[PDB]
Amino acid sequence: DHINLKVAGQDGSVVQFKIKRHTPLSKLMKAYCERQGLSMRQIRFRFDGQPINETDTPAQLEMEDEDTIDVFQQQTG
């Protein structure tokens, strides 16, 4: 029951992940951070524009194989 997920950044980068549709996405978010050198209070994970909570699963977000998660940066103004 694995799924493939892409994580796309403001730099155009793309990173692939396998994850079970019912594991919480916190392990992918923490994996993606450590791998890219990112600070997780400075970036935001979004699927179809909706925020992703640590506890959320690919299942309860209704993701499918090869769907894309976007990562955005802090904005101030």
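We call the rigid core whatever largest set of C-alpha positions still superposes within 1.5 Å between the two forms. Note that residue numbering follows the sequence shown and begins at 1.
Out of 68-76 and 2-10, which one drifts farther from the shown form in 4 other deposited structures of this protein in terms of CA positions, with the fit done on the rigid core? It is 68-76 that deviates more in 4 other deposited structures of this protein.
Output the stretch, either 36-44 or 23-31, that has more C-alpha displacement from this form in 4 other deposited structures of this protein following superposition by the rigid core. Comparing 36-44 with 23-31, the larger C-alpha deviation in 4 other deposited structures of this protein belongs to 36-44.
Higher average CA B factor in the deposited record is what I'm after, so tell me if that's 44-52 or 22-30. Comparing averages over the C-alpha atoms only gives 22-30.
Mean C-alpha B-factor higher for 68-76, or for 3-11? Looking at the recorded C-alpha B-factors, 3-11 comes out higher on average.
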